[PDB]
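Engineer: Have a look at this one.
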Amino acid sequence: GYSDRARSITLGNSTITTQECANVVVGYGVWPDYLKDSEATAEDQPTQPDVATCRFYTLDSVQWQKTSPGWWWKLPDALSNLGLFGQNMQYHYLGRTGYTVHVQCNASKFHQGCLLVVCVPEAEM
Amino acid sequence: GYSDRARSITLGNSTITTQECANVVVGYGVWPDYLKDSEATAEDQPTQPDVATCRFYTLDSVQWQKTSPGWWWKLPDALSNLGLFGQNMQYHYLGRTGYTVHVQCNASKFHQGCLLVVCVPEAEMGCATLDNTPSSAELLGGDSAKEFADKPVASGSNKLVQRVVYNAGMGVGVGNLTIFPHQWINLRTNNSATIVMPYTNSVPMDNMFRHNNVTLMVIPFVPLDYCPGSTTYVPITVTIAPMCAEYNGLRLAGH
Amino acid sequence: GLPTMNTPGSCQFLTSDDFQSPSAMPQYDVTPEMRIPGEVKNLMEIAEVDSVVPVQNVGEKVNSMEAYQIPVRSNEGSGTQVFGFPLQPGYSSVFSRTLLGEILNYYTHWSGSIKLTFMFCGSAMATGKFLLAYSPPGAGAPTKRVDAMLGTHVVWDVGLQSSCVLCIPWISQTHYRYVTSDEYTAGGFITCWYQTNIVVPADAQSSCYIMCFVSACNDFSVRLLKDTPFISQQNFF
Amino acid sequence: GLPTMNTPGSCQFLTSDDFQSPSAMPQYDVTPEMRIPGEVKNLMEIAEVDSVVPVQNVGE
Amino acid sequence: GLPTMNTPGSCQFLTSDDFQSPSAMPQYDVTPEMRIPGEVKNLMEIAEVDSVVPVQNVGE
Amino acid sequence: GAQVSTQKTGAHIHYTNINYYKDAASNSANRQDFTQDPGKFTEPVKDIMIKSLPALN
Amino acid sequence: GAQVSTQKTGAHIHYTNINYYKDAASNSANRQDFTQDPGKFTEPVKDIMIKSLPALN
Amino acid sequence: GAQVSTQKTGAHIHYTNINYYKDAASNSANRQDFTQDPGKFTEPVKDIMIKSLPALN
Amino acid sequence: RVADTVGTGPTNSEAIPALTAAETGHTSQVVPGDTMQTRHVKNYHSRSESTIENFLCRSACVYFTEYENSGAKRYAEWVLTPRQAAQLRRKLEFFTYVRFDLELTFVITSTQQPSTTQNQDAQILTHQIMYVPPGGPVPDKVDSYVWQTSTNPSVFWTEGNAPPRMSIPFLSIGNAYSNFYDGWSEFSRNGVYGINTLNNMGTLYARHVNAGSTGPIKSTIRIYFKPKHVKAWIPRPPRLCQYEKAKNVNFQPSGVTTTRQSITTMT
Amino acid sequence: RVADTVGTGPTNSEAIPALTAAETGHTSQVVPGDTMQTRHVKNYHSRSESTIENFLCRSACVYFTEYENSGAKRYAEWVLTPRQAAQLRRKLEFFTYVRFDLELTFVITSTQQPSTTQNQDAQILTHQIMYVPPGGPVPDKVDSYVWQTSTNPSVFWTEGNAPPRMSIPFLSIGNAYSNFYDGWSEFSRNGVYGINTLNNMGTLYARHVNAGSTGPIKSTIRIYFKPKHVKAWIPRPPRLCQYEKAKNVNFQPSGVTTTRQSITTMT
Amino acid sequence: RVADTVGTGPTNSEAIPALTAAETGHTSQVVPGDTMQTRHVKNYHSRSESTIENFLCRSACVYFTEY
Amino acid sequence: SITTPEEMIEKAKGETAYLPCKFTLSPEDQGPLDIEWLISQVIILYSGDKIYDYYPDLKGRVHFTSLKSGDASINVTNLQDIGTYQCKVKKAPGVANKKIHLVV
Amino acid sequence: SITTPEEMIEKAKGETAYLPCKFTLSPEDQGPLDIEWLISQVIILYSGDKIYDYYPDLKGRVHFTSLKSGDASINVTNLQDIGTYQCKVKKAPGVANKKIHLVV
Ligand SMILES: CCCCCCCCCCCCCCCC(=O)O
Ligand SMILES: CCCCCCCCCCCCCCCC(=O)O
């Protein structure tokens, strides 16, 4: 007997644990997988580090003030200079990958606020 | 469907009920029982009141201030003057018993503090002087608090006991005192701590008046804190309940 | 007269030999064992228990109960360092005096994992997140939260369950490590940063403490019995 | 020449040891035992007997 | 006391003898062997290999 | 009446032993006694605590 | 031709012994001979005296 | 529990041995271990080279 | 033998092995495979050298004393106690109650003392070691009738052979030796406080059977204890403060540990 | 046992056992019967004395030191290392990695030193040898409390008996001893370069338990290593240049071999 | 091995184990269970060290002389 | 084992000074008993079951309070006497001593 | 083990001479630390965790750069000082020494 508010995620040598959370949204009902042999086009063999890239990278924090409009990040551009994920994409010509976005904002009972977290594909600006 | 945070203990004509608690520690995995026929040595028959002693006795409370080092109690010496438990041990020569220690400290969400509750068997304590030994009525206290003291006790020709909290009066690290059965009271979560201790000794029965089996210690690792306005007087209360107690060698009263 | 021949190593005394010897008290009746609770059969049952770690052993804190406490507070920033210390269970000032560390001081080699439990000791209204990280040797101590993330880390979220466990695994080239300070068999570094910031409401204390307990996993081992460097006897007491 | 090795505790005399020793009078014929009454096999048969106690051991 | 007798050659040290001796570190757990390539079991495997011969070892 | 036991070897032999005294406190030490039970010191609680489930629910 | 006997142990092991002389007064002492009979010194009467009954009726 | 093995004799006898310690690093050396395999140092190639055939054809 | 590490993979679930409560004693039984991805690794390491028998069963000097063959100090005496030294005492004080057989070894060495006598051609010295049980007669002098050792166990040694070793059975009226005692011997609770009350191990006497020369000679005896067949109960924390006396646990308060420079300092 | 020679006869064929390519490592596996006529000869020669065990398993002195019974130098110390001597080191440096149990033997001899004291009638000397593991306390003086040897293994010897011998198990954190190491202990690559980085064998201490006389006496101890149960990997060429230091492979360039008179000279 | 103590209870009867005659040598063979209530106690104590062999078989100096 | 070996006693002048040296004989200790009082050189001596009365100033002033039972205390008088008194009790197997500091 | 035991340092006059003696303590070596600087007769001495300032010409000129960590170097000044300096570091189990030649 446990509480659905508690969740743990383990990827690579990294873990995150939540005491209060809502749920996990799984995109369009699809869990990310590898490229099949009937959908591929490139002939040469792919590399798959499998552990040195697929872990958790923590970006710089941002202060939420009383008059902040909002923030945006490009997921491919954000991890360009971080760890071995950046190095692999630098040397290679073609890269295919999926992601997860854990956003953490903790406040006391007295504090009141609302934040919308959405992922936009082809978010041309 | 209930919550594991709620517990009730019934002994004799007494009960305790907790709304918030951690768990129950059961000593060294042993639940206290009576003396078998292959482990006994005394011939004459034991007495077993079974109800008039094995109940809950509530000792005097102690104020937890912002600068309290800690407190210690001798479990055999503490219940010497309380109820029929004291009277039975007075008349008899040999006494064998087990105990439980329910320590209660309740504070609000705003209050923050940490308390360590540990039972130490054969907790021999040292004297301030290196040549002499601690006097009685200085180490022992009847229903009394017997608090510790940050910083060393002065060295002179006096049977004073060394009360340093960091050495704990035994000359060992205060942190490593987790080797004995211990429970932590965290004001933000745990409100009380329950520990069950089986009889532990190198002999089957022992004279309760001249020997102490265990020493209960309550030490605030993290101090008590709050903001102006909240309640300042925050007390700690201790209840002890002898379990499976038996006595032998009835004679004239005294010690 | 059976003809025999004495080999080298006769009539010598060995501090560690296993021979039989004639009893000086023949036909002695020992007392029948009674069941005393809590029997120790191995020293690796004393080491698998938690022990408070003096992380703040700075200045005169060692002469106070303040050494055990790790001070956390509310600051106008993020990614600041809470604490950090090397992974030397027998030699580091931080672990030399804990149960497991004291046991290691009687051995030359040690090999296994290490559990580090952290308990939050603030108000029940205060909330926050911490990043606990372990970095393998090769490049120096991480100086930023970003450098620390690249190593083994766990993001701890304070809630109903106050404690958290970072399990430092066995990453070594050799099979065993040296209890004594050595450079070939180096340990690593263990650091703690602010994943977010401590959030406190009004009329509550914004300066909290954490406590750290250290123990061994189910795969710990030790070797080469030696003499502890801690005890010193001037003369027969 | 069987190779052996001497352990500590050799060539010592123990007031309470149990070893064999070469008899100095070989092939000696001892006298045949006769049944004498009242044989003691343990010292706790001498102790289970009553003995007058000097309680008034005062002065002369 | 088993009667024995010491033969010549006792209490001597031989640079090339084969005896047992009491271990100074009792119940020691050695590291499990790993397979390292190229194990030598005899010195006549080092000798069956070719080696360049200095035939013109004249003067400097 | 001799006892044959196993020698302490590495991983990845038998030896013989006879008792020459009648005292049982003259024998050699018992070095090969590998038995552990840390469930007394560690996990000394009444209600069993599963690892995956929460501690206090 | 060796004799195997029991060692003296506590309550709540075997040992081996061989005789190397031909004299029977060279052997070791007989320490394990536990036989008592105090009915000679204590209770040395002719008519048996039961415990519960009176001595002289 | 004794082991009987063969002695080193000329060409063109058995001996007895017992282990008296419980350590496995106390026994005598292993002198009679006659096993060779020079196919590692000599002939360390991938494609096997027969003697009679040419080396490089 | 130690447990082998298993292999786990990526996980997204409600299970929380890491998050727990240290308020309860319950030492978390988590393994690395719960907070990261691990590979399968067989572990052939064995928990053998850490057993209490291998820990305690090694000889350790507990007391060394002198005597002469002329003058005033002609024999030596020492009540049996393992608290004279620090190394053996600290190791034994990891536990509250211990129960073990004891193997005793002695090392006796003589030394010719400075004098002015001439023509000193000494003979081999023989030494006698005698034990007196709690209550036995004690020798007033070096030629007392006590040395007849009718019942007391004794040992004679001629200088030059292997040291003398004897084995002693568990001697106690209790069911275990007590390293720590919290209480008094007298009921009135006014007297000796501590383990001293329980201890009763008798006295040991050593001396020269013969003079052996006309010049002075001083002999020294060192005693070595080895615990065999060990049993131990209720473990307790190791001694931080240095020892002061042999009868009690009197100590001087000292720092919990050594100090560094900062809280983020790596040295 | 060695292979027996077979018998061949006259041959005229296309087979070419002799002609081959030494560009490939392939050491030609030709036998005399391929380039001449041979007779059948049974060979009872056995390849027994050439095995690594028979090669390495022989005692060999590695270090001898002195101490006194009076004055300043009262005890001796030596970090365990087989590179002190040349004969044992050269034989061990035929291989890169070795793994063997060690048998230790000591030879202790005393000598009465010149002085002017009178009436010197000495007693038998007893010597104590003590081992300190990498991290153990080391004795500051000759009467230090370190010699209590509670856990350190030690040995006592009375002058006149067979030498003292003990057996040591493979002690290493690795899987094989390394005779040669190419690298550094520090990652920054600026410090000690060589095997010295890997070595960690502890220290050995020897001393007189008693003085034994009024005149000076100097004792000397010689240490003897015997490798048992040997395993060896990856052979390497024997040392040509003479050794210079014990920590490194520093050498002085020397001639590949000795010189003769001509290229056709037979001497 | 020594005898084990048994368990008795309250008794009101004509039996008189305590009352006896010491005029006769008859050493009273009474046990504590006859004059009080006792509990059952197994006794593993053994009468071994008291035998005449263990009592007398120890070396003892009888005479020392010079020449 | 003499209780409170380190002790300081403050007694006013004109009042008899009471010095207590109570001891507990060890079971191991079974030898002739000797009790000696030192003033820092002796004031009184008990040996072979005999009491001897050593110090000219304290002659006729120092006497025992009880010795065989286990109490070897003295009661001094006519204080003027500032000094340290060491009570040394001797048993053949073991020995103990207590030092008392007297002011005025 | 002191790195570069044989070393030669050429320093111009009027420039402080920097002499470096960095060492790596052995795991076997666990004893009291002593650092001694010889001029070929001492300029400075570090012993029992105490620094002593020996040479009249170099008095008030020789001082350590850092010792406990593992660096025992000195920084001399007012060169005129041509000589050989031997840095000898002592641990109870093992000892090491480095000699530096200074020109002008
Ligand atoms: C010549 C004969 C000598 C025999 C001497 C026997 C002395 C035995 C002493 C045993 C002491 C054991 C003390 C253990 C105390 C403890 O473990 O706390
Ligand atoms: C009195 C006890 C003495 C015990 C001393 C044990 C010391 C063991 C030293 C082993 C050294 C082995 C070094 C091998 C190095 C190599 O093969 O390259």
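Each chain in the structure tokens gets a letter, A, B and so on, in the order shown; residues start at 1 in every chain, and ligands are counted from 1 in the order they appear.
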Identify, counting only C-alpha atoms and all ligand atoms, the protein, DNA and RNA residues located within 8 Å of ligand 2, and give them as a PyMOL selection string.

Structural biologist: (chain C and resi 14) or (chain E and resi 24) or (chain J and resi 80-82+92+97-100+102+104+129-131+152-155+166+168+170-171+177-180+199+201-204)

Engineer: Okay, now the selection with C-alpha atoms, as a short mmCIF file (atom, residue, chain, number, x, y, z; two decimals), in the first residue's frame?

Structural biologist:
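Final output, saved to result07.cif:
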data_model
loop_
_atom_site.label_atom_id
_atom_site.label_comp_id
_atom_site.auth_asym_id
_atom_site.auth_seq_id
_atom_site.Cartn_x
_atom_site.Cartn_y
_atom_site.Cartn_z
CA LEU C 14 54.36 -17.05 16.43
CA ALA E 24 51.46 -15.99 9.49
CA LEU J 80 59.63 -5.32 2.17
CA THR J 81 61.07 -5.23 -1.41
CA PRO J 82 62.79 -7.97 -3.53
CA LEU J 92 61.86 -12.47 -11.37
CA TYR J 97 53.30 -10.43 -14.01
CA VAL J 98 53.96 -13.07 -11.32
CA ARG J 99 51.63 -14.51 -8.65
CA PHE J 100 53.18 -16.63 -5.87
CA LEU J 102 56.08 -16.52 -0.14
CA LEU J 104 60.10 -16.32 4.78
CA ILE J 129 60.80 -9.72 14.62
CA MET J 130 57.58 -7.67 14.03
CA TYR J 131 55.70 -6.82 10.78
CA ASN J 152 50.50 -7.35 14.03
CA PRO J 153 52.12 -10.75 13.40
CA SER J 154 55.40 -11.16 15.25
CA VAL J 155 57.90 -13.89 16.10
CA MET J 166 56.77 -18.61 8.32
CA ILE J 168 52.87 -15.79 3.64
CA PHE J 170 49.59 -13.93 -1.92
CA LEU J 171 49.13 -10.36 -0.57
CA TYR J 177 52.36 -8.83 -8.83
CA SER J 178 53.73 -6.43 -11.42
CA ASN J 179 57.51 -6.47 -12.00
CA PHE J 180 57.30 -3.59 -14.55
CA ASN J 199 54.55 -1.37 -4.44
CA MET J 201 54.42 -4.32 1.13
CA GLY J 202 54.69 -2.76 4.65
CA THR J 203 57.76 -2.59 6.96
CA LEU J 204 59.70 -5.23 9.02
#

Engineer: For chain J, work out the contacting residues on chain F at 12 Å, counting only C-alpha atoms, and write them as a ChimeraX atom specification.

Structural biologist: /F:8-10,12

Engineer: Based on only C-alpha atoms, which of the residues in chain C come within 7 Å of chain B? I want them as an NGL selection string.

Structural biologist: :C and (34 or 36-38 or 49-52 or 64-65 or 98-99 or 121-125 or 203-205)

Engineer: Taking only chain A into account, list the residues labelled alpha helix (DSSP H) by DSSP (computed from the backbone), as a list in words.

Structural biologist: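 DSSP on the backbone gives alpha helix (DSSP H) at residues 75, 76, 77, 78, 83, 84, 85, 86, 87, 88, 89, 90 and 91 of chain A.
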
Engineer: Next, dump the selected residues to file, keeping only N, CA, C and O atoms, as a tab-separated table (two decimals), in the first residue's frame.

Structural biologist:
chain	number	residue	atom	x	y	z
A	75	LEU	N	15.20	21.93	-27.09
A	75	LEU	CA	15.79	20.69	-26.49
A	75	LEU	C	17.06	20.22	-27.22
A	75	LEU	O	18.03	19.89	-26.51
A	76	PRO	N	17.14	20.16	-28.57
A	76	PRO	CA	18.39	19.80	-29.24
A	76	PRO	C	19.51	20.81	-28.97
A	76	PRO	O	20.64	20.39	-28.76
A	77	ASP	N	19.19	22.11	-28.98
A	77	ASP	CA	20.21	23.17	-28.79
A	77	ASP	C	20.66	23.21	-27.33
A	77	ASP	O	21.85	23.52	-27.09
A	78	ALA	N	19.76	22.91	-26.39
A	78	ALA	CA	20.11	23.01	-24.95
A	78	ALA	C	21.19	22.00	-24.54
A	78	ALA	O	22.12	22.41	-23.82
A	83	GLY	N	27.85	17.21	-21.53
A	83	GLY	CA	28.30	15.81	-21.44
A	83	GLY	C	28.76	15.19	-22.75
A	83	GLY	O	29.36	15.91	-23.56
A	84	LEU	N	28.53	13.88	-22.89
A	84	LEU	CA	28.90	13.12	-24.12
A	84	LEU	C	27.78	13.24	-25.15
A	84	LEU	O	28.01	12.85	-26.31
A	85	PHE	N	26.60	13.71	-24.74
A	85	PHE	CA	25.48	13.86	-25.70
A	85	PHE	C	25.90	14.90	-26.74
A	85	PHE	O	25.68	14.67	-27.94
A	86	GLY	N	26.49	16.00	-26.28
A	86	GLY	CA	26.97	17.07	-27.16
A	86	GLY	C	28.09	16.62	-28.07
A	86	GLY	O	28.06	16.96	-29.26
A	87	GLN	N	29.05	15.85	-27.52
A	87	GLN	CA	30.22	15.36	-28.30
A	87	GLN	C	29.77	14.40	-29.41
A	87	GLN	O	30.27	14.55	-30.53
A	88	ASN	N	28.85	13.48	-29.11
A	88	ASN	CA	28.40	12.50	-30.13
A	88	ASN	C	27.71	13.23	-31.29
A	88	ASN	O	28.07	12.96	-32.44
A	89	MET	N	26.82	14.17	-30.99
A	89	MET	CA	26.08	14.91	-32.05
A	89	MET	C	27.03	15.79	-32.86
A	89	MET	O	26.73	16.06	-34.03
A	90	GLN	N	28.13	16.23	-32.26
A	90	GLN	CA	29.10	17.11	-32.95
A	90	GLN	C	29.79	16.35	-34.09
A	90	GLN	O	29.75	16.84	-35.23
A	91	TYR	N	30.40	15.21	-33.78
A	91	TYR	CA	31.13	14.38	-34.77
A	91	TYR	C	30.19	13.80	-35.84
A	91	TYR	O	30.57	13.83	-37.02

Engineer: Hey, could you make a per-residue contact list for chain F against chain C with 12 Å as the cut-off, showing the nearest pair of atoms and its distance in Å to one decimal, counting only C-alpha atoms, sorted by chain and number, as JSON lines?

Structural biologist:
{"residue": "F:17", "atom": "CA", "partner": "C:19", "partner_atom": "CA", "distance": 10.8}
{"residue": "F:18", "atom": "CA", "partner": "C:20", "partner_atom": "CA", "distance": 10.1}
{"residue": "F:19", "atom": "CA", "partner": "C:20", "partner_atom": "CA", "distance": 8.1}
{"residue": "F:20", "atom": "CA", "partner": "C:20", "partner_atom": "CA", "distance": 7.9}
{"residue": "F:21", "atom": "CA", "partner": "C:22", "partner_atom": "CA", "distance": 6.8}
{"residue": "F:22", "atom": "CA", "partner": "C:27", "partner_atom": "CA", "distance": 8.2}
{"residue": "F:23", "atom": "CA", "partner": "C:27", "partner_atom": "CA", "distance": 6.4}
{"residue": "F:24", "atom": "CA", "partner": "C:23", "partner_atom": "CA", "distance": 8.8}
{"residue": "F:25", "atom": "CA", "partner": "C:23", "partner_atom": "CA", "distance": 6.8}
{"residue": "F:26", "atom": "CA", "partner": "C:21", "partner_atom": "CA", "distance": 5.3}
{"residue": "F:27", "atom": "CA", "partner": "C:20", "partner_atom": "CA", "distance": 5.0}
{"residue": "F:28", "atom": "CA", "partner": "C:20", "partner_atom": "CA", "distance": 5.4}
{"residue": "F:29", "atom": "CA", "partner": "C:18", "partner_atom": "CA", "distance": 6.6}
{"residue": "F:30", "atom": "CA", "partner": "C:18", "partner_atom": "CA", "distance": 9.5}
{"residue": "F:31", "atom": "CA", "partner": "C:18", "partner_atom": "CA", "distance": 9.4}
{"residue": "F:32", "atom": "CA", "partner": "C:41", "partner_atom": "CA", "distance": 11.8}
{"residue": "F:33", "atom": "CA", "partner": "C:41", "partner_atom": "CA", "distance": 8.6}
{"residue": "F:34", "atom": "CA", "partner": "C:42", "partner_atom": "CA", "distance": 8.1}
{"residue": "F:35", "atom": "CA", "partner": "C:41", "partner_atom": "CA", "distance": 6.6}
{"residue": "F:36", "atom": "CA", "partner": "C:41", "partner_atom": "CA", "distance": 5.9}
{"residue": "F:37", "atom": "CA", "partner": "C:45", "partner_atom": "CA", "distance": 7.4}
{"residue": "F:38", "atom": "CA", "partner": "C:45", "partner_atom": "CA", "distance": 5.1}
{"residue": "F:39", "atom": "CA", "partner": "C:45", "partner_atom": "CA", "distance": 8.7}
{"residue": "F:40", "atom": "CA", "partner": "C:38", "partner_atom": "CA", "distance": 6.7}
{"residue": "F:41", "atom": "CA", "partner": "C:49", "partner_atom": "CA", "distance": 6.8}
{"residue": "F:42", "atom": "CA", "partner": "C:49", "partner_atom": "CA", "distance": 5.8}
{"residue": "F:43", "atom": "CA", "partner": "C:49", "partner_atom": "CA", "distance": 9.2}
{"residue": "F:44", "atom": "CA", "partner": "C:49", "partner_atom": "CA", "distance": 10.6}
{"residue": "F:51", "atom": "CA", "partner": "C:165", "partner_atom": "CA", "distance": 11.9}
{"residue": "F:53", "atom": "CA", "partner": "C:161", "partner_atom": "CA", "distance": 11.3}
{"residue": "F:54", "atom": "CA", "partner": "C:161", "partner_atom": "CA", "distance": 7.7}
{"residue": "F:55", "atom": "CA", "partner": "C:161", "partner_atom": "CA", "distance": 7.2}
{"residue": "F:56", "atom": "CA", "partner": "C:161", "partner_atom": "CA", "distance": 7.2}
{"residue": "F:57", "atom": "CA", "partner": "C:160", "partner_atom": "CA", "distance": 8.7}

Engineer: Kindly give the distance, in Å, that separates CA of residue 36 (chain I) and CA of residue 13 (chain A), rounded to a single decimal.

Structural biologist: 4.8 Å

Engineer: With only C-alpha atoms as the atoms that count, which of J:132, J:122, J:234, J:192 lies nearest to chain I?

Structural biologist: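 Ranked by minimum distance to chain I, first place goes to J:122.
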
Engineer: Just the number, please: distance in Å from CA of residue 96 (chain B) to CA of residue 254 (chain B), one decimal.

Structural biologist: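 Computing it gives 18.1 Å between the two atoms.
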
Engineer: Any idea what the distance is between CA of residue 50 (chain L) and CA of residue 100 (chain L)?

Structural biologist: 23.8 Å

Engineer: Neighbouring residues of residue 35 (chain A) were defined as those with any atom within 10 Å, considering only C-alpha atoms; residues of the same chain fewer than 2 positions away were excluded. Please report them as a list in words.

Structural biologist: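 Surrounding residues, per the criterion: residues 32, 33, 37, 38, 39, 40, 46, 96 and 97 of chain A.
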
Engineer: Next, the residues of the selection above should be written as a JSON list (two decimals), in the first residue's frame with N, CA, C and O atoms.

Structural biologist:
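That gives us out39.json:
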[["chain", "number", "residue", "atom", "x", "y", "z"],
["A", 32, "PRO", "N", 9.18, 6.04, -26.51],
["A", 32, "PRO", "CA", 10.27, 6.12, -27.49],
["A", 32, "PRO", "C", 11.04, 4.82, -27.61],
["A", 32, "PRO", "O", 11.43, 4.22, -26.61],
["A", 33, "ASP", "N", 11.29, 4.41, -28.85],
["A", 33, "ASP", "CA", 12.02, 3.19, -29.18],
["A", 33, "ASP", "C", 13.03, 3.50, -30.28],
["A", 33, "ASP", "O", 13.19, 4.65, -30.70],
["A", 37, "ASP", "N", 14.06, -1.73, -39.05],
["A", 37, "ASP", "CA", 14.78, -2.00, -40.28],
["A", 37, "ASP", "C", 13.96, -1.72, -41.52],
["A", 37, "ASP", "O", 14.52, -1.65, -42.61],
["A", 38, "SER", "N", 12.64, -1.57, -41.38],
["A", 38, "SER", "CA", 11.77, -1.25, -42.49],
["A", 38, "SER", "C", 11.45, 0.24, -42.58],
["A", 38, "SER", "O", 10.77, 0.64, -43.51],
["A", 39, "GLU", "N", 11.93, 1.04, -41.64],
["A", 39, "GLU", "CA", 11.73, 2.48, -41.66],
["A", 39, "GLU", "C", 13.02, 3.25, -41.90],
["A", 39, "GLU", "O", 12.96, 4.46, -42.08],
["A", 40, "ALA", "N", 14.16, 2.58, -41.90],
["A", 40, "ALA", "CA", 15.44, 3.26, -42.00],
["A", 40, "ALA", "C", 15.79, 3.53, -43.45],
["A", 40, "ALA", "O", 15.26, 2.91, -44.37],
["A", 46, "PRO", "N", 24.49, 2.24, -37.18],
["A", 46, "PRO", "CA", 24.40, 3.30, -36.17],
["A", 46, "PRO", "C", 25.19, 2.97, -34.92],
["A", 46, "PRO", "O", 25.41, 1.81, -34.58],
["A", 96, "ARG", "N", 19.10, 10.75, -34.14],
["A", 96, "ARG", "CA", 17.66, 10.50, -33.86],
["A", 96, "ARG", "C", 17.50, 10.25, -32.36],
["A", 96, "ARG", "O", 18.20, 9.37, -31.85],
["A", 97, "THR", "N", 16.60, 10.98, -31.68],
["A", 97, "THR", "CA", 16.46, 10.77, -30.21],
["A", 97, "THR", "C", 15.09, 11.23, -29.69],
["A", 97, "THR", "O", 14.39, 11.96, -30.41]]

Engineer: Fewer than 6 positions away in the same chain doesn't count, so skip those; otherwise give me all residues within 10 Å of residue 53 (chain L), counting only C-alpha atoms, as a list in words.

Structural biologist: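 My list of contacting residues is residues 42, 43, 44, 45, 46, 59, 60, 61, 62 and 63 of chain L.
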
Engineer: Take the residues that were just selected and, keeping N, CA and C atoms, output them as a short mmCIF file (atom, residue, chain, number, x, y, z; two decimals), in the first residue's frame.

Structural biologist:
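result_36.cif written:
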data_model
loop_
_atom_site.label_atom_id
_atom_site.label_comp_id
_atom_site.auth_asym_id
_atom_site.auth_seq_id
_atom_site.Cartn_x
_atom_site.Cartn_y
_atom_site.Cartn_z
N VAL L 42 56.06 9.72 59.36
CA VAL L 42 54.88 8.88 59.71
C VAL L 42 54.27 9.40 61.01
N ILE L 43 52.94 9.33 61.14
CA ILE L 43 52.28 9.71 62.43
C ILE L 43 51.95 8.44 63.22
N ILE L 44 51.49 7.39 62.54
CA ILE L 44 51.07 6.13 63.24
C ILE L 44 51.40 4.94 62.33
N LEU L 45 51.55 3.74 62.91
CA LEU L 45 51.85 2.53 62.11
C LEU L 45 51.11 1.31 62.68
N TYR L 46 50.38 0.58 61.83
CA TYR L 46 49.70 -0.67 62.27
C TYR L 46 50.33 -1.84 61.51
N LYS L 59 52.43 13.61 68.38
CA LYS L 59 52.49 12.55 69.42
C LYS L 59 51.37 12.81 70.43
N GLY L 60 50.62 11.76 70.80
CA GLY L 60 49.53 11.91 71.78
C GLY L 60 48.32 12.61 71.19
N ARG L 61 48.26 12.75 69.86
CA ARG L 61 47.13 13.44 69.19
C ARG L 61 46.52 12.50 68.15
N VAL L 62 47.33 11.61 67.57
CA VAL L 62 46.83 10.72 66.48
C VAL L 62 46.46 9.35 67.04
N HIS L 63 45.21 8.92 66.83
CA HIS L 63 44.75 7.58 67.29
C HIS L 63 43.73 7.03 66.28
#

Engineer: What are the residues of chain A that have an atom within 12 Å of an atom of chain I, counting only C-alpha atoms, as a PyMOL selection string?

Structural biologist: chain A and resi 1-26+31+50-52+54-56+100

Engineer: Go through chain J and flag each residue having an atom no more than 12 Å from chain D; for those, report the closest pair of atoms plus their distance in Å to one decimal, using only C-alpha atoms, ordered by chain and rising number, as a tab-separated table.

Structural biologist:
residue	atom	partner	partner_atom	distance
J:155	CA	D:8	CA	11.6
J:156	CA	D:8	CA	10.5
J:157	CA	D:8	CA	10.8
J:158	CA	D:8	CA	11.6
J:161	CA	D:6	CA	10.4
J:162	CA	D:5	CA	9.7
J:163	CA	D:5	CA	11.5
J:164	CA	D:5	CA	11.0
J:165	CA	D:5	CA	10.8
